[PDB]
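For the record, the sequence lines run as chains C and B.
Everything in the first sequence is counted per PDB author numbering, starting at 348 for the first residue and increasing by one.
Everything in the second sequence is counted per PDB author numbering, starting at 398 for the first residue and increasing by one.
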Amino acid sequence: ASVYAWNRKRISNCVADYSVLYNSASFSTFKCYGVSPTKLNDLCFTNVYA
Amino acid sequence: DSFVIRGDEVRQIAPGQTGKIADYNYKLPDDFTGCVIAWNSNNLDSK
Numbered sequence: 348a349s350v351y352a353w354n355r356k357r358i359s360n361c362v363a364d365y366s367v368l369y370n371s372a373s374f375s376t377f378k379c380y381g382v383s384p385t386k387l388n389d390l391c392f393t394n395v396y397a
Numbered sequence: 398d399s400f401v402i403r404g405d406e407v408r409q410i411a412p413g414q415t416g417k418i419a420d421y422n423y424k425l426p427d428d429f430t431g432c433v434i435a436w437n438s439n440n441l442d443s444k
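Written as structure tokens, this is what we have:
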């Protein structure tokens with residue numbers, strides 16, 4: 348999408364595996380604020396919104 | 398400590414870092430009293 352009208356996707360009812368994302372070295376940045384990306388495989392949530 | 402890596406990975410050589418070099422190849426202690434010195438070698442180590 349274009350940034351003036353950005354997409355949003357609810358992620359729910361599922362098992363995540365954030366190492367698949369965090370190990371994808373193609374990502375030019377992976378900045379995190381309220382979490383360390385390493386902890387995302389233990390920590391869990393009502394929903395994630397992308 | 399002397400070695401070569403891809404320039405993308407120099408970020409991993411610091412205390413508290415994580416990633417396949419920072420864990421699986423070269424790990425600093427989190428209270429590391431020292432200096433990290435690095436430069437490109439595309440004139441020497443590329444062929």
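For every residue, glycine included, the Cβ atom is placed at its ideal position computed from N, Cα and C.
- The DSSP-derived three-state label of residue 369(C) is helix.
- Within 7 angstroms of the CB of residue 415(B), the CB atoms of chain C belong to 385, in sequence order along the chain.
- Residue 351(C) carries a helical assignment under DSSP once its states are collapsed to helix, strand and coil.
- DSSP lists 357(C) as the beta-bridge partner residues of residue 396(C).
- 360(C) is the residue among 381(C), 356(C) and 360(C) whose C-alpha sits nearest the C-alpha of residue 393(C).
- It is roughly 26 angstroms from the alpha-carbon of residue 410(B) to the alpha-carbon of residue 364(C).
- Close CB contacts of residue 366(C) within its chain, under the 7 angstroms cut and outside five residues either way in sequence, are with 388 (chain order).
- Under the three-state reduction of DSSP, residue 386(C) is assigned to helix.
- Under the three-state reduction of DSSP output, residue 409(B) falls in the helix class.
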